[PDB]
J.: 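The structure follows.
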Amino acid sequence: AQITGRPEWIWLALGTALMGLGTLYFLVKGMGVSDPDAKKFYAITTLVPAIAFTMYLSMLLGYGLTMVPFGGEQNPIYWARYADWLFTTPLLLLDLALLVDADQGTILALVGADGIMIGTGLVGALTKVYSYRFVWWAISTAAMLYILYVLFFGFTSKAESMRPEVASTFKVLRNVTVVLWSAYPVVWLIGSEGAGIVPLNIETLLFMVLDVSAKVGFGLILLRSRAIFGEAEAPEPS
Amino acid sequence: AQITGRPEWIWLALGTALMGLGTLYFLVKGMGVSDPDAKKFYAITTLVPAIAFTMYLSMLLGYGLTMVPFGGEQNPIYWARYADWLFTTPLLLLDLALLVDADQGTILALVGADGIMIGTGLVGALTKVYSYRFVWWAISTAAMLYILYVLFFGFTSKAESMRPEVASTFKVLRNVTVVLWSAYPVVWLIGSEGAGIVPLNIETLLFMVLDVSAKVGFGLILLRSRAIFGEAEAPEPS
Amino acid sequence: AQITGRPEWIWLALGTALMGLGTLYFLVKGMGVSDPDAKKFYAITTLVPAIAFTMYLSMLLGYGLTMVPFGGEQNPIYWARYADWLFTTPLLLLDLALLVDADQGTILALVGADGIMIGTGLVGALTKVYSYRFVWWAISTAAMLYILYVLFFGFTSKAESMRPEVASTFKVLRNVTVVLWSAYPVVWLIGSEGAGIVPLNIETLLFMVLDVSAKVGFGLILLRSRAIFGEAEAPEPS
Ligand SMILES: *C/C=C(C)/C=C/C=C(C)/C=C/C1=C(C)CCCC1(C)C
Ligand SMILES: *C/C=C(C)/C=C/C=C(C)/C=C/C1=C(C)CCCC1(C)C
Ligand SMILES: *C/C=C(C)/C=C/C=C(C)/C=C/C1=C(C)CCCC1(C)C
Ligand SMILES: CCCCCCCCCCCCC
Ligand SMILES: CCCCCCCCCCCCC
Ligand SMILES: CCCCCCCCCCCCC
Ligand SMILES: CCCCCCCCCCCCC
Ligand SMILES: CCCCCCCCCCCCC
Ligand SMILES: CCCCCCCCCCCCC
Ligand SMILES: CCCCCCCCCCCCC
Ligand SMILES: CCCCCCCCCCCCC
Ligand SMILES: CCCCCCCCCCCCC
Ligand SMILES: CCCCCCCCCCC
Ligand SMILES: CCCCCCCCCCC
Ligand SMILES: CCCCCCCCCCC
Ligand SMILES: CCCCCCCCCCC
Ligand SMILES: CCCCCCCCCCC
Ligand SMILES: CCCCCCCCCCC
Ligand SMILES: CCCCCCCCCCC
Ligand SMILES: CCCCCCCCCCC
Ligand SMILES: CCCCCCCCCCC
Ligand SMILES: CCCCCCCCCCC
Ligand SMILES: CCCCCCCCCCC
Ligand SMILES: CCCCCCCCCCC
Ligand SMILES: CCCCCCCC
Ligand SMILES: CCCCCCCC
Ligand SMILES: CCCCCCCC
Ligand SMILES: CCCCCCCC
Ligand SMILES: CCCCCCCC
Ligand SMILES: CCCCCCCC
Ligand SMILES: CCCCCCCC
Ligand SMILES: CCCCCCCC
Ligand SMILES: CCCCCCCC
Ligand SMILES: CCCCCCCC
Ligand SMILES: CCCCCCCC
Ligand SMILES: CCCCCCCC
Ligand SMILES: CCCCCCCC
Ligand SMILES: CCCCCCCC
Ligand SMILES: CCCCCCCC
Ligand SMILES: CCCCCCCC
Ligand SMILES: CCCCCCCC
Ligand SMILES: CCCCCCCC
Ligand SMILES: CCCCCCCC
Ligand SMILES: CCCCCCCC
Ligand SMILES: CCCCCCCC
Ligand SMILES: CCCCCCCC
Ligand SMILES: CCCCCCCC
Ligand SMILES: CCCCCCCC
Ligand SMILES: CCCCCCCC
Ligand SMILES: CCCCCC
Ligand SMILES: CCCCCC
Ligand SMILES: CCCCCC
Ligand SMILES: CCCCCC
Ligand SMILES: CCCCCC
Ligand SMILES: CCCCCC
Ligand SMILES: CCCCCC
Ligand SMILES: CCCCCC
Ligand SMILES: CCCCCC
Ligand SMILES: CCCCCC
Ligand SMILES: CCCCCC
Ligand SMILES: CCCCCC
Ligand SMILES: CCCCCC
Ligand SMILES: CCCCCC
Ligand SMILES: CCCCCC
Ligand SMILES: CCCCCC
Ligand SMILES: CCCCCC
Ligand SMILES: CCCCCC
Ligand SMILES: CCCCCC
Ligand SMILES: CCCCCC
Ligand SMILES: CCCCCC
């Protein structure tokens with residue numbers, strides 16, 4: 001943690017803090033919720049920042065950091081991010097899928113595709129041959145594009161099915177997802193794990209901003225809506 | 001396995017044996033059970049000691065043992081225990097949750113909180129900076145306390161819901177869980193992975209006694225009850 | 001990847017290719033399927049070769065290869081296969097279980113037993129003490145035999161239950177499974193990870209042929225049948 005990771009500590013520290021407080025806020029928010037469906041959205045959404053909190057701390061303390069030889073050098077790689085995403089990204093997808101009461105088959109596809117995206121991202125992050133790192137990047141990107149596709153096609157129906165009553169929240173949470181998520185591959189490609197055009201320091205800041213928005217930001221919007229209570233034809237505001 | 005792990009072999013061996021026989025006994029016990037719900041409790045409960053059997057053997061053979069530098073020394077750490085618990089603790093929680101027909105949202109919360117408890121416990125077990133090991137211990141402990149809380153609040157209802165007919169078993173299995181589980185953090189804190197007040201030898205014995213009671217002990221009580229067959233208003237003793 | 005793995009590259013390359021094309025074919029095949037149940041079989045079955053594709057490539061590029069000291073030598077071990085199987089074997093079992101609408105309890109048992117089979121296989125593959133490698137092999141084999149057993153007993157009922165209408169597909173997919181799966185333990189035992197009677201080169205070819213048949217082969221048969229649409233009393237050919 002001397003020359004490996006240090007300048008970026010500030011972002012890691014802020015990251016940890018913002019994720020901790022977010023978890024505590026959603027935790028308090030969920031107290032009292034007796035609604036079955038509401039219970040699902042709270043559990044899922046609370047765990048997301050909780051898990052990230054854990055991994056951000058591992059990176060801050062230096063545990064979730066490792067050196068990867070490539071390009072003829074020792075490159076500081078935060079593998080901890082993948083352990084985080086492995087569980088948080090599928091969970092966020094569960095939030096969107098549950099809103100529209102997606103089919104099991106669609107959930108499985110979304111989850112599997114995400115595991116591939118993260119798993120291949122991790123392999124690319126640890127791959128010793130530079131050129132091959134981008135081969136893994138391309139496959140993970142295809143996995144992501146598959147996911148984005150599913151979220152926009154064959155995932156809704158207003159004819160009393162998936163988006164018949166209150167689907168406005170889903171549309172907004174979908175907008176954020178596609179926008180934020182699509183930024184990760186770019187950051188990775190230009191940062192320390194990729195071309196190295198942006199220093200690890202700036203890379204960390206970007207991932208911190210993206211993570212907090214995709215977890216806490218995403219969470220705030222979802223847990224404030226009325227869509228988490230009713231889908232048939234009952235809002236349930238209070 | 002020379003100076004790293006040796007004196008504790010006896011407990012590891014006994015551990016392995018008691019877990020093996022327990023798995024074989026539950027295995028035989030489940031033969032014939034056609035009851036759907038009963039089938040769930042048998043599958044879950046049989047797998048628990050089966051998994052532990054595997055990990056206890058890995059520790060006995062030396063595979064699930066690693067050296068962790070901290071406190072200015074090479075500390076023998078049985079990481080295998082975490083691989084065990086990662087799967088067995090959520091499974092035990094599934095047994096309790098299924099008994100009371102808990103909500104999905106509650107199951108998710110219980111499972112997620114457990115994964116955090118185990119994951120953070122593992123990170124603390126492998127952390128190179130001594131003082132930081134206890135930071136991970138505190139977080140894992142909070143996760144555990146969260147779980148214990150859930151098991152005692154907003155997890156029952158006699159008004160024909162969660163604990164309307166036969167909930168006596170749940171109460172007894174809950175008593176054992178809170179008592180045994182709460183002992184793990186103490187053992188860890190005073191043993192080899194923590195302060196080092198108790199030798200690894202005695203630590204292993206304690207974890208062996210606790211594990212067998214929380215798995216086989218817990219299993220015997222559950223698989224003998226009638227609660228595994230009926231919940232509505234039918235015991236189904238024979 | 002110099003003396004460790006090289007001669008076997010051809011099989012790894014072919015493996016990668018056959019798995020890629022298989023995934024792409026099932027992908028195209030699933031386009032349009034609106035049937036809920038059909039959706040499950042397509043998702044599961046498509047992901048299988050997709051995951052294997054990823055791991056076959058990791059082995060081809062050298063990432064999923066490691067050296068394991070035993071027998072007084074450095075033995076080239078493709079650990080990547082276990083990461084593949086960890087997810088693909090349970091998924092294939094889900095296909096068979098879903099066809100007959102197996103009970104939850106039975107699915108859990110099948111899944112748990114498979115995780116043990118793969119996990120113990122992995123430990124045996126990485127174990128440093130030669131003789132102990134076969135102890136792990138025996139346990140994994142018992143796990144496999146348990147699975148085969150379940151697939152042939154207490155897994156069907158023509159009296160309007162599990163195999164009342166179209167169970168012919170299940171019988172054929174069961175025949176292939178038991179035959180192909182039973183070959184893996186033999187190959188492992190006689191190959192590089194075991195006795196070393198068959199060179200790693202030939203071992204790889206065998207696993208490649210077995211994998212493609214158990215994934216793509218198995219997939220083609222399943223995704224062409226009408227059983228994936230109806231079970232009650234409706235084929236749904238077109
Ligand atoms: C809380 C974190 C979230 C929502 C993270 C999402 C991450 C991604 C969409 C990352 C995807 C990647 C690729 C498509 C290519 C390879 C590198 C990754 C892992 C950055
Ligand atoms: C079969 C094993 C069982 C039921 C094990 C349960 C384990 C725990 C409740 C362990 C919890 C821990 C903490 C709360 C703090 C950090 C260390 C641990 C992992 C021992
Ligand atoms: C796509 C791959 C498939 C269907 C692979 C299946 C693998 C097995 C049935 C492997 C089982 C093994 C044992 C029973 C003993 C130890 C070694 C293994 C892992 C080869
Ligand atoms: C910043 C808080 C750290 C959390 C430690 C334990 C968390 C358990 C979270 C469970 C969340 C869903 C119910
Ligand atoms: C709303 C009922 C839930 C039925 C099970 C859904 C499984 C979702 C998989 C999520 C992946 C977890 C990391
Ligand atoms: C790099 C830009 C930082 C943006 C921070 C935005 C915080 C949003 C607070 C919510 C305000 C609602 C009206
Ligand atoms: C001590 C017995 C070792 C077990 C080896 C294989 C176990 C498979 C267990 C499946 C349990 C739930 C059905
Ligand atoms: C009784 C029906 C079961 C519905 C799914 C429950 C999922 C439980 C998660 C258990 C965690 C496994 C390690
Ligand atoms: C350290 C104390 C050992 C306790 C062993 C107890 C075994 C319990 C057997 C059940 C007896 C039922 C009457
Ligand atoms: C819907 C189930 C499959 C999801 C697959 C995502 C795959 C991304 C890369 C695949 C490589 C193709 C050979
Ligand atoms: C057809 C409804 C599905 C209910 C959940 C089944 C869980 C199957 C576990 C599969 C293991 C995944 C690797
Ligand atoms: C080692 C033998 C190779 C076998 C290849 C068989 C491919 C099967 C193609 C399907 C033909 C259907 C009539
Ligand atoms: C300086 C540490 C602060 C910890 C927060 C305690 C309050 C938790 C409740 C959140 C509303
Ligand atoms: C040496 C390269 C091996 C082939 C890799 C397949 C890559 C597919 C990328 C996504 C279109
Ligand atoms: C309708 C929900 C809005 C999501 C994006 C919010 C960005 C808020 C920033 C305030 C300047
Ligand atoms: C999604 C729009 C694409 C913008 C261009 C990104 C390129 C980044 C690399 C800088 C050389
Ligand atoms: C000395 C090894 C004993 C193995 C046990 C075989 C019997 C299994 C059936 C359990 C009632
Ligand atoms: C240097 C310490 C970093 C802050 C850690 C947060 C710990 C929370 C413990 C549970 C109350
Ligand atoms: C009502 C179930 C009892 C659980 C604790 C049992 C301990 C038994 C020990 C016998 C001396
Ligand atoms: C749950 C009751 C607490 C008893 C005290 C445990 C302290 C153990 C440490 C010994 C110095
Ligand atoms: C030489 C690479 C070929 C890639 C395949 C592109 C077509 C995909 C659609 C499959 C029918
Ligand atoms: C030194 C050997 C330890 C005992 C292992 C139990 C093996 C069971 C194999 C399956 C019948
Ligand atoms: C009834 C399905 C057949 C499964 C085995 C097929 C083998 C085909 C090989 C063609 C020579
Ligand atoms: C399933 C039939 C068994 C055939 C014999 C396999 C033995 C392989 C080892 C070669 C010495
Ligand atoms: C000198 C104190 C370091 C910062 C502590 C802040 C906790 C978020
Ligand atoms: C150390 C700062 C604590 C953050 C509290 C949350 C502000 C809304
Ligand atoms: C159900 C998803 C399986 C996870 C596969 C891992 C991808 C490399
Ligand atoms: C209709 C979608 C436009 C193209 C989106 C992304 C390209 C990879
Ligand atoms: C909700 C409409 C999406 C438009 C996205 C623009 C793509 C660059
Ligand atoms: C409503 C416009 C959608 C914009 C989506 C952004 C494309 C990257
Ligand atoms: C490296 C990224 C390729 C471009 C993808 C789509 C641009 C919006
Ligand atoms: C050189 C500074 C990079 C700017 C990052 C902006 C954070 C929102
Ligand atoms: C000398 C024999 C060692 C002990 C074997 C016992 C198996 C539980
Ligand atoms: C080696 C001892 C075998 C244990 C058998 C179980 C006793 C009830
Ligand atoms: C460090 C915790 C791992 C998260 C597992 C996710 C539980 C569904
Ligand atoms: C009502 C609960 C009493 C306190 C229990 C545990 C303290 C951490
Ligand atoms: C069933 C009542 C629980 C009392 C536990 C005592 C706490 C130290
Ligand atoms: C019925 C009394 C409950 C005791 C619980 C034990 C507290 C650690
Ligand atoms: C190290 C443990 C702190 C005390 C927890 C509750 C005592 C029953
Ligand atoms: C010095 C012996 C420790 C006692 C452990 C007791 C096992 C129940
Ligand atoms: C010289 C070209 C190597 C083989 C490429 C084939 C892709 C399947
Ligand atoms: C490089 C060969 C491509 C394979 C296409 C699939 C043949 C049916
Ligand atoms: C060594 C076996 C791992 C256990 C996985 C649990 C299956 C639900
Ligand atoms: C009725 C089954 C015959 C024996 C099968 C496998 C032996 C391990
Ligand atoms: C479908 C009948 C199975 C016979 C298998 C032969 C075993 C060697
Ligand atoms: C219909 C005959 C079944 C053959 C099964 C093969 C046994 C290994
Ligand atoms: C090494 C394998 C033992 C024999 C198993 C059953 C033969 C069909
Ligand atoms: C020496 C060649 C081994 C034969 C392997 C056959 C592939 C089906
Ligand atoms: C030396 C490799 C043997 C493989 C022969 C042909 C495989 C079909
Ligand atoms: C990022 C801080 C989370 C709390 C928002 C109210
Ligand atoms: C502790 C604050 C409670 C928040 C209620 C909405
Ligand atoms: C579960 C932690 C995995 C670490 C990845 C390098
Ligand atoms: C669970 C471990 C995640 C890290 C991957 C190397
Ligand atoms: C690696 C992630 C596993 C996905 C489980 C649904
Ligand atoms: C690099 C892939 C970007 C995808 C755009 C949505
Ligand atoms: C220094 C400001 C940090 C906030 C990140 C968006
Ligand atoms: C610990 C031994 C398990 C069997 C109890 C009958
Ligand atoms: C092999 C013993 C059978 C047990 C029946 C209860
Ligand atoms: C799956 C085995 C993980 C080992 C942890 C150090
Ligand atoms: C599955 C691996 C568990 C060990 C963690 C280091
Ligand atoms: C690491 C444990 C995963 C939890 C799956 C429900
Ligand atoms: C160290 C935590 C103990 C919890 C008591 C139930
Ligand atoms: C020597 C006795 C071991 C039993 C553990 C409770
Ligand atoms: C092995 C090739 C897969 C495609 C079969 C049509
Ligand atoms: C691209 C080919 C389409 C296949 C339709 C069955
Ligand atoms: C998730 C990858 C694990 C690698 C096993 C050695
Ligand atoms: C997820 C990691 C699989 C490799 C086991 C060592
Ligand atoms: C290691 C495989 C986990 C099984 C999840 C159902
Ligand atoms: C080595 C085990 C073979 C099993 C035969 C079906
Ligand atoms: C060289 C032929 C390869 C096909 C494997 C069955």
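Quick note: numbers below take in every heavy atom, side chains included, and nothing from hydrogens, waters or symmetry partners. Per chain, numbering begins at 1; letters A, B, ... match sequence-line order.
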J.: Given heavy-atom pairs under 4.5 angstrom as the criterion, report whether the side chain, backbone, both or neither of B/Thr127 touches chain A.
T.: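 Both backbone and side chain of B/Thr127 come within 4.5 Å of chain A.
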J.: Side-chain contact test, heavy atoms from C-beta onward, threshold under 4.5 Å: evaluate it for B/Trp136 versus A/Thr54 and give yes or no.
T.: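 Contact flag for B/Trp136/A/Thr54 side chains = yes.
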J.: Quick check: closest heavy atoms across A/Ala50 and B/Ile116, and the distance to 0.1 Å?
T.: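 Closest pair (atom of A/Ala50, atom of B/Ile116, distance): CB-CD1, 4.0 Å.
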J.: Test side chain to side chain contact (heavy atoms under 4.5 Å, CB included) on B/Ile139 and A/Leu57 and set out the steps.
T.: CA-CA 11 Å; B/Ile139 295 169; A/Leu57 179 65; 3.7 Å; yes
J.: Pull out the residues in residues 210-238 of chain A that come under 4.5 Å of chain B, heavy atom to heavy atom, sorted by number.
T.: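 Interface residues of residues 210-238 of chain A: none, nothing closer than 4.5 Å to chain B.
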J.: Could you name the residues of residues 29-43 of chain A that have a heavy atom within less than 4.5 Å of a heavy atom in chain B?
T.: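 Against chain B, the residues of residues 29-43 of chain A that fall inside the cut-off (heavy atoms, under 4.5 Å) are A/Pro36, A/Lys39, A/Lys40, A/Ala43.
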J.: Non-hydrogen atoms of chain A under 4.5 Å away: do they reach the side chain of B/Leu108, the backbone, both or neither?
T.: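 The answer is both parts of B/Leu108.
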J.: Of all heavy-atom pairs between A/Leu61 and B/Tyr132, which one has the smallest distance, and what is that distance?
T.: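 In terms of heavy atoms, the two residues are closest at CD2-CE1, 3.5 Å.
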J.: Which bit of A/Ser58 is near chain B, if near means a heavy-atom gap under 4.5 Å: side chain, backbone, both or neither?
T.: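 For A/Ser58, the contact with chain B is made by backbone and side chain together.
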J.: In terms of heavy-atom proximity below 4.5 Å to chain A, should B/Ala143 be classed as side chain, backbone, both, or neither?
T.: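 No part of it gets close to chain A.
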J.: Heavy-atom distances under 4.5 Å only: say whether B/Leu110 touches chain A with side chain, backbone, both or neither.
T.: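 For B/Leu110, no heavy atom lies under 4.5 Å from chain A.
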J.: So for atom CH2, which belongs to B/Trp181, do other residues, nucleotides or ligands contribute more than 12 heavy atoms lying within a distance under 6.0 Å?
T.: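 Yes, CH2 of B/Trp181 has more than 12 neighbouring heavy atoms, counting only those of other groups under 6.0 Å.
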